[PDB]
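Notes follow once the structure below has been shown.
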Amino acid sequence: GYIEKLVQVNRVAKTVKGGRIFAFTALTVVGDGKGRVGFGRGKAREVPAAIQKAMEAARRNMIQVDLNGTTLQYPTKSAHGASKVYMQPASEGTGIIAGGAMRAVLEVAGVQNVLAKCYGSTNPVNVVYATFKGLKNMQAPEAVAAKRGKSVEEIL
RNA sequence: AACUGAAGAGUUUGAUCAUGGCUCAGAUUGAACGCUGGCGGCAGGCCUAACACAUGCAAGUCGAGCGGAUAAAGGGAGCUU
């Protein structure tokens, strides 16, 4: 589906000769409010056209996320580049408390109780990779129990 | 009766990623200063010169321990209040 959310806008450039050609980039994540997200990056020549391009690439190559219901399954920790990310599920009344670019991922996924923090280099185009290695590699235990459930899930 | 919280941003460049400094958003004080100023509860008030101090007051009490001297009421008498 489609619920859109913008994060970043830049002004990249390019020197040719004579002057300097400008261009705009944008980063936009799209989710469904249930656990299907997708991010997208587009470059164009103006703001109202660079956002439209980044929205279209978001709703291609999406991710199914197996959330527990407004929370996560377990504390995990993933990294990409020089960016390290930590996330652990929380109680009911606590909302989402994260920084800038992990709120926009964790809104549209539908989770509400995420309690996150990012270390290392804060790059909004690169902390998103650090988040999607984490969420796309969840497990959601298909087991008979948890304190007993290590005889039917390990064979899954 | 026993008991749960973790946010980032700006700045090196024609522009980008990284390393690395700096700076801001918070909660606090025996606080001082500037502008302004109705009320009441509960608190606190020399952090500097352990530097000198006028004048008041802050440890006395026992006559069921003993001398001594003050000697009432009253008992009076006497003399004339």
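Bear in mind that the values in this text are calculations on the coordinates, not laboratory data. All Cβ positions, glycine included, derive from the backbone under ideal geometry; neighbour counts span all protein chains shown.
Based on the Cβ-Cβ distance of A:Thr122 and A:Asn61, what FRET efficiency does E = 1/(1 + (r/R0)^6) give at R0 = 35 Å, to the nearest 0.05?
The computed FRET efficiency comes out at 0.90.
Calculate, for A:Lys17 and A:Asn137, the FRET efficiency according to 1/(1 + (r/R0)^6) with r their C-beta to C-beta distance and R0 30 Å; round to the nearest 0.05.
0.05
Can you give the extra length, in nm with one decimal, that the chain gains between A:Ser91 and A:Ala44 once fully stretched, where that is 0.36 nm per residue apart less the Cα-Cα distance?
Length gained between A:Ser91 and A:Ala44: 12.7 nm.
Can you tell me the 0 to 90 degree angle between the C-alpha axis of helix A:47-58 and the longest principal axis of chain A, rounded to 10?
So the helix axis and the longest Cα principal axis differ by about 30 degrees.
Between region A:25-66 and region A:97-145, how far is it from one alpha carbon centroid to the other, in angstrom?
The two parts, judged by their Cα centres, are 16 Å apart.
In whole Hz and in residue order, list the ³J(HN,Hα) couplings for region A:96-109 that follow from phi through the Karplus curve 6.51 cos²θ - 1.76 cosθ + 1.60, θ = phi - 60°; x for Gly and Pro.
For region A:96-109, the Karplus-derived couplings read 8, 10, 8, x, x, 9, 8, 6, 6, 6, 7, 7, 6, 6 Hz, x marking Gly and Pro.
Add -39500 (n - 2.57) for each DSSP H run of 4 or more in chain A, then divide by its residues: what number comes out at 222 nm, to the nearest 500 deg cm²/dmol?
-5000 deg cm²/dmol
How large is ³J(HN,Hα), in whole Hz, for each residue of region A:80-86 in order, when computed from phi with the Karplus curve 6.51 cos²θ - 1.76 cosθ + 1.60 and θ = phi - 60°, using x for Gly and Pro?
8, x, 9, 9, 10, 10, 10
Return the sequence-ordered ³J(HN,Hα) values of region A:4-13 in whole Hz as given by the Karplus equation 6.51 cos²θ - 1.76 cosθ + 1.60 applied to θ = phi - 60°, using x for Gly and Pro.
9, 7, 9, 10, 10, 9, 10, 9, 7, 9
If amide H atoms are built 1.01 Å from N in the plane of the peptide, which residues on other chains or at least 5 residues away come under 5 Å of the amide H of A:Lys117?
Counting only residues 5 or more places away or on other chains, the set is A:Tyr86.
Relative to the Cα centre, what is the charge dipole magnitude of region A:1-131, using +1 at the beta carbon of each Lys and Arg, -1 at the beta carbon of each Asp and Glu, and rounding to the nearest 20 debye?
Using Cβ point charges on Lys, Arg, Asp and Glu, region A:1-131 gives about 740 debye.
GNM, chain A, Cα, under 10 Å: largest mean-square fluctuation among A:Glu142, A:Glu107, A:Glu56?
Judging by the Gaussian network model, the answer is A:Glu142.
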